[PDB]
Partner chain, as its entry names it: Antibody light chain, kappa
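Only one chain comes next, encoded as structure tokens, the form solved without its partner chain.
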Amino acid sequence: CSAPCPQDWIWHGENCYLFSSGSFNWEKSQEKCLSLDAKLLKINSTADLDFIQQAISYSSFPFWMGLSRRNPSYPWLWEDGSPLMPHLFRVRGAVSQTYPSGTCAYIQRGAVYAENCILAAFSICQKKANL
């Protein structure tokens, strides 16, 4: 019998969540979550969103999530290739620009924003809880 999640992670529902130790571009953030046998945050419901905002309520830092698109002609997709479900959140910020390395989304102050993927931000990683 093992714990649902490792020490320092937050156990919520079927998953475990962790804030990254550092601030890096999106690709490096993706790599760092993978190294923890995890992936960047994927929001499947408004319950997920509300839990995340509860958890980052005390931070003003922007946190990358696993949502990105190459440019505005591409829909937003999660790392696993699934789409952003409707009625979860409206992505604001830099949504009309095209960046050499794509556009990625981060959550900050309870909202989701588009930004150049080459910029640095902390991130939230998640993995399945051992239940």
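Numbering follows the first chain given and starts at 1.
This protein has a second form, the form solved in complex with its partner chain, left out of what is shown; the following refers to that one.
In the deposited complex, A94 approaches its partner chain with a heavy atom inside 4.5 Å. The shortest heavy atom separation between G66 and its partner chain in the deposited complex exceeds 4.5 Å. Contact annotation for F61: at least one heavy atom lies within 4.5 Å of its partner chain in the deposited complex.
By the 4.5 Å heavy atom rule, the three marked residues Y74, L84 and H87 all fail to count as contacting its partner chain in the deposited complex. Counting a residue when any of its non-hydrogen atoms is within 4.5 Å of its partner chain in the deposited complex, the hits in 107-127 run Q108, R109, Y113, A120.
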